[PDB]
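Visitor: Got a structure for you, questions after.
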Amino acid sequence: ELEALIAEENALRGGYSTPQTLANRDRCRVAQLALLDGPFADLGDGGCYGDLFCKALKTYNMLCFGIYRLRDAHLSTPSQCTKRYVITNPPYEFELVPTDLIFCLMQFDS
Amino acid sequence: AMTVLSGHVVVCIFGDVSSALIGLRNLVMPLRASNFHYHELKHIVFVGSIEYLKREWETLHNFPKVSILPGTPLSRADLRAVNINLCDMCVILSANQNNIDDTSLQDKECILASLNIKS
């Protein structure tokens, strides 16, 4: 419908807020979470990825689908590199480190 | 949009400031023949680039009912403003008579314009 409207006018037209549009507002968005100080802080210290996935889905209806992991995290020596790489859909028994980011789908709330 | 046009002629032109002239007077002269009464004359509205139409207006300013809507023939808003559903005829012309890498592709504009109006 928005495609047709843009095709008709070649512009984006404003409109007054109605309950139907406000209900249409509620969707899911792409986000990243840190395990340093969130509710999953204790679980991110050596816990498994599956427990995090289950807790996020059951509690906040959050869908975790990837780990953005610090590149120099498997090395014992400390490093100053802040680069991170992408791990898509890790298994249930995948281990977690506190310096990880979790891809997630947030639900809209007011 | 404020004025209401019914039983008129809409000439859509794919003009350009550097394209070759097509001599629009040869289209307006037969429609302004003296054997038609004044009330029988059909309003003519040119929809196209004003840069191209300024080069042609020198030979068109002596005719009674001619209007210009600066814009493009490929926009539904301009066609709705000119009441395309009540016109007697829509004439789609392509001024860009320049050579193209493929001969058939020279008709890429007009065909799409037609397929717009039918939809």
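Residues are named by chain letter and number: chains run A, B, ... in the order of the structure tokens, numbers start at 1 in each chain, and ligands are numbered from 1 in the order shown.
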Would you mind listing what lies within 12 Å of residue 31 in chain B as JSON, numbers by chain, with only C-alpha atoms counted and same-chain residues fewer than 6 positions away left out?

Guide: {"B": [8, 9, 24, 25, 37, 38, 40, 41, 42, 43, 44, 63, 64, 65, 66]}

Visitor: For the selection you just gave me, I'd like the residues written to a file as a PDB file, in the first residue's frame, keeping C-alpha atoms.

Guide:
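Generated file (out_8.pdb):
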```pdb
ATOM      1  CA  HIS B   8     -10.050  18.609 -24.534  1.00  0.00           C
ATOM      2  CA  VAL B   9      -6.766  17.389 -26.020  1.00  0.00           C
ATOM      3  CA  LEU B  24       4.129  21.690 -32.752  1.00  0.00           C
ATOM      4  CA  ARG B  25       2.378  24.327 -34.885  1.00  0.00           C
ATOM      5  CA  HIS B  37     -16.914  27.476 -34.574  1.00  0.00           C
ATOM      6  CA  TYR B  38     -15.288  29.033 -31.524  1.00  0.00           C
ATOM      7  CA  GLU B  40     -16.432  23.797 -31.045  1.00  0.00           C
ATOM      8  CA  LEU B  41     -12.698  24.386 -30.568  1.00  0.00           C
ATOM      9  CA  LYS B  42     -10.977  21.855 -28.320  1.00  0.00           C
ATOM     10  CA  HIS B  43      -8.754  23.070 -25.503  1.00  0.00           C
ATOM     11  CA  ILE B  44      -5.138  21.954 -25.913  1.00  0.00           C
ATOM     12  CA  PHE B  63      -3.822  30.522 -31.146  1.00  0.00           C
ATOM     13  CA  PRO B  64      -6.874  30.960 -28.875  1.00  0.00           C
ATOM     14  CA  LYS B  65      -6.983  28.141 -26.300  1.00  0.00           C
ATOM     15  CA  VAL B  66      -3.568  26.668 -25.465  1.00  0.00           C
TER      16      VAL B  66
END
```

Visitor: Counting only C-alpha atoms, a student should be able to say which residues of chain A come within 12 Å of chain B; what is the right answer, written as a PyMOL selection string?

Guide: chain A and resi 4-11

Visitor: Could you give me, as a PyMOL selection string, each residue of chain B that DSSP assigns to alpha helix (DSSP H) when run on this structure's backbone?

Guide: chain B and resi 25-31+50-56+76-81+108-117

Visitor: Please list as a ChimeraX atom specification every residue within 10 Å of residue 44 in chain A, counting only C-alpha atoms and excluding residues in the same chain fewer than 2 positions away.

Guide: /A:34-42,46-49,51-52,95-100

Visitor: Counting only C-alpha atoms, what is within 7 Å of residue 51 in chain B, bar same-chain residues fewer than 2 positions away, as a list in words?

Guide: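 Surrounding residues, per the criterion: residues 16, 17, 49, 53 and 54 of chain B.
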
Visitor: In Å, how far is it from CA of residue 71 in chain A to CA of residue 84 in chain A?

Guide: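 If I compute the distance from CA of residue 71 in chain A to CA of residue 84 in chain A, I get 4.9 Å.
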
Visitor: Could you pull the residues within 8 Å of residue 56 in chain B, counting only C-alpha atoms, minus those fewer than 4 positions along the same chain, as a list in words?

Guide: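 Returned residues: residues 21, 23, 24, 52 and 60 of chain B.
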
Visitor: Just write the chosen residues, N, CA, C and O atoms, as a compact mmCIF listing (two decimals), in the first residue's frame.

Guide:
```txt
# COMPACT_ATOMS: atom_id res chain seq x y z
N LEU B 21 13.61 20.34 -32.20
CA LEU B 21 12.22 20.76 -32.28
C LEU B 21 11.44 19.86 -33.23
O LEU B 21 11.99 19.32 -34.20
N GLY B 23 8.17 20.98 -34.26
CA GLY B 23 7.21 21.82 -34.96
C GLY B 23 5.78 21.58 -34.53
O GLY B 23 4.98 21.07 -35.31
N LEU B 24 5.45 21.96 -33.30
CA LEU B 24 4.13 21.69 -32.75
C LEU B 24 3.03 22.49 -33.44
O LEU B 24 1.86 22.15 -33.29
N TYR B 52 11.82 23.04 -23.02
CA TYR B 52 11.57 22.72 -24.42
C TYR B 52 10.45 23.57 -24.99
O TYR B 52 10.54 24.04 -26.13
N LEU B 60 3.41 29.53 -31.44
CA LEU B 60 2.14 29.04 -30.92
C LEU B 60 1.33 30.09 -30.18
O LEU B 60 0.20 29.79 -29.77
```

Visitor: Can you pull out every residue within 10 Å of residue 81 in chain B, counting only C-alpha atoms, but drop anything in the same chain fewer than 6 positions away, and send it as an NGL selection string?

Guide: :B and (1-5 or 69)

Visitor: Would you mind exporting N, CA, C and O atoms of the selected residues as a PDB file, in the first residue's frame?

Guide:
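Below you can see again38.pdb, which holds the result:
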```pdb
ATOM      1  N   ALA B   1      -5.873  22.042 -11.368  1.00  0.00           N
ATOM      2  CA  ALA B   1      -6.891  21.277 -10.660  1.00  0.00           C
ATOM      3  C   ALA B   1      -8.141  22.107 -10.403  1.00  0.00           C
ATOM      4  O   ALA B   1      -9.253  21.567 -10.415  1.00  0.00           O
ATOM      5  N   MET B   2      -7.981  23.411 -10.157  1.00  0.00           N
ATOM      6  CA  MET B   2      -9.137  24.264  -9.893  1.00  0.00           C
ATOM      7  C   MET B   2     -10.052  24.350 -11.108  1.00  0.00           C
ATOM      8  O   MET B   2     -11.276  24.231 -10.987  1.00  0.00           O
ATOM      9  N   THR B   3      -9.478  24.555 -12.289  1.00  0.00           N
ATOM     10  CA  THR B   3     -10.279  24.551 -13.501  1.00  0.00           C
ATOM     11  C   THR B   3     -10.665  23.124 -13.873  1.00  0.00           C
ATOM     12  O   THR B   3      -9.995  22.153 -13.509  1.00  0.00           O
ATOM     13  N   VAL B   4     -11.771  23.002 -14.600  1.00  0.00           N
ATOM     14  CA  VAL B   4     -12.300  21.713 -15.023  1.00  0.00           C
ATOM     15  C   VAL B   4     -12.207  21.645 -16.539  1.00  0.00           C
ATOM     16  O   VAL B   4     -12.758  22.500 -17.243  1.00  0.00           O
ATOM     17  N   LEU B   5     -11.507  20.632 -17.040  1.00  0.00           N
ATOM     18  CA  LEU B   5     -11.309  20.435 -18.468  1.00  0.00           C
ATOM     19  C   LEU B   5     -12.035  19.167 -18.892  1.00  0.00           C
ATOM     20  O   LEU B   5     -11.781  18.091 -18.344  1.00  0.00           O
ATOM     21  N   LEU B  69       1.195  22.900 -18.822  1.00  0.00           N
ATOM     22  CA  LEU B  69       1.377  22.367 -17.472  1.00  0.00           C
ATOM     23  C   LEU B  69       2.806  21.861 -17.359  1.00  0.00           C
ATOM     24  O   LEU B  69       3.106  20.739 -17.803  1.00  0.00           O
TER      25      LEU B  69
END
```
